[PDB]
There are 2 protein chains.
Amino acid sequence: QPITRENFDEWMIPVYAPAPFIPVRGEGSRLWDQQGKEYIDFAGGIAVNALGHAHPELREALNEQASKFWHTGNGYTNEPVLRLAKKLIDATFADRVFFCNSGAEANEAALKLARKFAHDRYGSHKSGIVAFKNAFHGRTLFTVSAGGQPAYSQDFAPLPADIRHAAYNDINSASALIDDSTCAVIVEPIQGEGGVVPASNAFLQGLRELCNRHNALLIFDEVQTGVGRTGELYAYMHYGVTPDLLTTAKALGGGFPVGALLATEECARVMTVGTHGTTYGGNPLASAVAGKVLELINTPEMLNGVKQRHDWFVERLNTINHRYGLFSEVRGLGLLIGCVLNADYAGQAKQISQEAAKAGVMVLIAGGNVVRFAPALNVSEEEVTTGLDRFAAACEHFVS
Amino acid sequence: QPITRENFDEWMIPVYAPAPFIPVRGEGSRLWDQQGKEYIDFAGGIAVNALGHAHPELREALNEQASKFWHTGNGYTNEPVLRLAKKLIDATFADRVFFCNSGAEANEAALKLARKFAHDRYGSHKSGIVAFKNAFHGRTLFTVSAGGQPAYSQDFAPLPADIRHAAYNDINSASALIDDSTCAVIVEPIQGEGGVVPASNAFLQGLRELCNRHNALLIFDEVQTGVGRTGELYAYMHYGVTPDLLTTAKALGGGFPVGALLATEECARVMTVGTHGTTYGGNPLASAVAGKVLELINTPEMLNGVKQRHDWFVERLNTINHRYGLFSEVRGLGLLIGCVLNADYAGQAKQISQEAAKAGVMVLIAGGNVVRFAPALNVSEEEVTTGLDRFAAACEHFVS
Ligand SMILES: Cc1ncc(COP(=O)(O)O)c(CNCCC[C@H](NC(=O)CCC(=O)O)C(=O)O)c1O
Ligand SMILES: Cc1ncc(COP(=O)(O)O)c(CNCCC[C@H](NC(=O)CCC(=O)O)C(=O)O)c1O
């Protein structure tokens, strides 16, 4: 049977308003819809497709593991998860890992661990979580309660207790809510969804000192910011501040559902048998693919190529903006970039984005005031230039 | 990179104790480890691998979609999700579906939906969830609080509030906790993890009556009992009692990570734009696979096949039990089967499950007193007999 966009509004729980067109296939940073229209993809499946669409090596790893076995569940380990655990361990501060299937799942694990850890070493009452206004951490009750966007949490109250929000990049705000009762401080190194806003180096370093003083675990939510996105493997390396726990997802599987929690030995020791779990996490399908992703992403060449591409993007966006007077700022790190709208245009991020799509380029928002770019890490100069060309046309169309 | 079982104990957060051997490939209901030892697999990936290991048609569906595109995020829908939704909608009470990555995310979506519906139609005071002791609903903070194993949640307190547990199969225990402050009652049609305990028809009609009297959503957690498992497509069809929400995962994806919330038009209307969502949820790879799974399982020959298979397993577990007197009962429905231990062997299901791995058959537990069988719905007659012969041999060693 034949499928059309109107089918989405009769069949799907109305949680999203997706685009009027329906993608059917893609290669690298180009995607095509059911009528053959071609888009340059700067959405990057919301910062996931780090190698672009239908990558041939990802496919080959996919179809090679798929012809062995896909899944047993965690009664049994497998070679792919173990290899991926090693890669991740060797490449980061981590001594151990847990695999799950989403960014939120990864965050659930991390907040669960810090909680058990605090209880087990200090007592039932050291249960506080500090997070940040505008943070986004997931849509599970706990993660969305840790998130600092109350419009996402209010309807599903009572919310789990002992969660407080401080102002991002505001060290005294944080200091005031962090004490001996705090078990965890969870933070994104760049707030993604809340408008591509990068932590300051003194802010992050400041939470690290606060966590030490109060015996609280510091947790980096790198589901958006990780696996190459900033030009280092993880943004913590860019800042030079090391967390107790790090969560990772999205790009980890370059399009396959996977997530993981990276922990130190000491922290890991806290989670004994049967204290957490997941049916699908650690499957060898996900693991063969993530493994090949890390193998391709975590190379001096690919990562420097991200620093290179950051400059191509910002430079052309600054030139677009000079011509059209749209934004007050282009900010971010690596290939997570925000264009902040000016006073004239504020709250119109989505309309620009819809224009973009009309002009054959896919971009994201990040709040109604930021247009956001999260392209593949291996976008070609040609793809960037022609996508920015069409962005430029959309900006013309929009500004009149 | 060489990989051995001792590596697990150094690389993984020690949340599982898995088998001392490592599977590396499978076909239908046989699996093989790194040294070529062979198993009959009656664990089924814990009730996931409804079509067994490395199924030709599921790989063809994987590879086919894999070569077009994997993922965009939900800013854009796709044809396989929409196809999948339509199949779910056509085959059940549901009018609309939401897609995510795991049974726990399914249960988040359903619990969240019940709460918002209550709040909107009656006031934010109506937040009560009623669950059952020994229930298992997932490892997110909210879902492990809905679940009835306090051991799995206590370490992570404070827990989201307003959750009560009644007694499974005891309509009076339910009745005493469900009132007009109740938003949701969530129940497994067979308690899975907690002992393979089937619900009676009266207990289920009772909750439906009681949910109608008090305006609470009745939620059937069909993540284990779903997708052909019981002999019908979903258990609720066996029992003739219709839920307001139905969650589903495991076998839905044949091994691919997928899950879903199934809802009526009424309840689906409640989730408006931006109120929930997931990065990976509803990607076209998952969707193409589940799509195939539904096609291959929702037929009269498989589902009848599952009734026929139930018979093989039970004629034979009786025979074995005659010889070794191990079990006070054999219970469950279709291909979810619990063998309950006698008081002389109480707490030794795991020991049994180990001796069976040594004998080359994989079986599950479901608490210390049940050996659980969750084989592929397409297991063959030869594969059932061979795996029971080895389960019989294992039973012999265990008894002496
Ligand atoms: C920094 C950060 N941490 C955690 C998570 C949670 O990851 P999941 O893998 O999604 O569990 C995220 C992910 N958030 C991306 C927002 C995804 C959804 N948005 C859309 O579908 C956009 C739809 C549209 O544009 O119409 C959502 O859940 O709201 C993260 O970034
Ligand atoms: C009825 C029911 N509802 C929900 C869920 C949650 O599904 P996920 O898809 O896991 O989020 C389940 C799932 N559970 C089967 C047990 C899952 C884990 N088991 C193991 O890791 C086995 C370990 C071993 O045997 O050594 C777990 O969380 O513990 C469900 O059944």
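Order of listing sets the numbers, starting from 1, for every ligand and every atom in it. Proteins get letters first, then strands, A, B, ... in listed order; numbering begins at 1 in each. In what follows, every heavy atom counts, from backbone to side chain, and hydrogens, waters and symmetry copies are set aside.
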- How far apart are the C-alpha atoms of B:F99 and B:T278, what are their side-chain angles, what is the distance that settles it, and do they pass the side chain to side chain contact (heavy atoms under 4.5 Å, CB included) test? CA-CA 8 Å; B:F99 290 101; B:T278 162; over 6 Å; no

- Message: Set out, in order, the CA-CA distance, both residues' side-chain angles and the distance that settles side chain to side chain contact (heavy atoms under 4.5 Å, CB included) for A:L204 and A:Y236, then state yes or no.
- Response: CA-CA 9 Å; A:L204 294 199; A:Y236 86 86; over 6 Å; no

- Message: Apply side chain to side chain contact (heavy atoms under 4.5 Å, CB included) to residues B:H276 and B:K116 and explain how you reach the verdict.
- Response: CA-CA 11 Å; B:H276 191 65; B:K116 200 195 178 277; over 6 Å; no

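Nearest protein heavy-atom contact of atom 12 (C) of ligand 1 is A:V223 CG2, 3.6 Å. Of the protein's non-hydrogen atoms, the one nearest atom 23 (C) of ligand 1 is B:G75 N, 3.7 Å. If you check which protein heavy atom lies closest to atom 14 (N) of ligand 1, you get A:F136 CE2, 3.4 Å. Looking at atom 29 (O) of ligand 1, its nearest protein heavy atom turns out to be A:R139 NH2, 3.0 Å. Nearest protein neighbour of atom 20 (C) of ligand 1, counting heavy atoms only, is A:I46 CD1, 3.8 Å. Looking at atom 16 (C) of ligand 1, its nearest protein heavy atom turns out to be A:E193 OE1, 3.6 Å. Counting only heavy atoms of the protein, atom 31 (O) of ligand 1 lies nearest to A:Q224 NE2, 2.7 Å.
B:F21 and B:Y39 have their aromatic ring centers within a separation under 6.0 angstrom. For B:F256 and A:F256, the distance between ring centers is under 6.0 angstrom.
Atom CG of B:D221 sits about 9.0 Å away from atom CG of B:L111, to the nearest 0.5 Å. Here the CZ-CD distance, from B:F136 to B:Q149, works out to 7.5 Å after rounding to the nearest 0.5 Å. Between the NE2 atom of A:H71 and the CG atom of A:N78 there is a distance of 10.5 Å, given to the nearest 0.5 Å.
The ligand atoms of ligand 2 that sit less than 4.0 angstrom from a heavy atom of B:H137 are 3 (N), 4 (C). Residue-ligand proximity, A:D221 to ligand 1, at heavy-atom distances under 4.0 Å covers atoms 1 (C), 2 (C), 3 (N), 4 (C). Close approach to B:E188 involves these atoms of ligand 2, each under 4.0 Å from a residue heavy atom: 1 (C). Below 4.0 Å from some heavy atom of B:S102 lie the following atoms of ligand 2, by number and element: 9 (O), 11 (O). Contact atoms of ligand 2 toward A:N74: 21 (O) (distance under 4.0 Å to a heavy atom of the residue). The ligand atoms of ligand 1 that sit less than 4.0 angstrom from a heavy atom of B:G277 are 28 (O). Of all the atoms in ligand 1, the ones that sit under 4.0 Å from a non-hydrogen atom of A:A104 are 6 (C), 7 (O), 8 (P), 11 (O). For ligand 2, the atoms sitting less than 4.0 Å from at least one non-hydrogen atom of B:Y16 are 21 (O), numbered in the order shown with element in parentheses. Distances below 4.0 Å separate heavy atoms of B:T278 from the following atoms of ligand 1: 10 (O), 28 (O).
Contacts with ligand 2 closer than 4.0 Å are made by no heavy atom of B:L364, backbone or side chain. The residue A:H276 has no part lying near ligand 2, judged by heavy-atom distances below 4.0 Å. Counting heavy atoms closer than 4.0 Å to ligand 2, residue B:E105 contributes nothing at all.
A donor and an acceptor atom, one from each side chain of A:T225 and A:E222, are nowhere located under 3.5 Å apart. Between A:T275 and B:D155, the side chains place no donor N or O within less than 3.5 Å of an acceptor N or O (distance only, hydrogens not considered).
When A:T275, B:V187, A:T279 are ranked by how near their heavy atoms come to atom 10 (O) of ligand 2, first place goes to A:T279.
Geometrically, ligand 2 and B:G103 share a nitrogen or oxygen pair separated by less than 3.5 Å.
Within the 4.5 Å cutoff, the side chain of A:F373 has no heavy atoms near those of the A:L364 side chain. Between B:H137 and B:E188, some side-chain heavy-atom pair lies under the 4.5 Å cut-off.
Between B:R372 and B:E193 a salt bridge is recorded (basic side-chain N to carboxylate O distance below 4.0 Å).
Ligand 2 has at least one atom lying under 4.0 Å from a heavy atom of B:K250.
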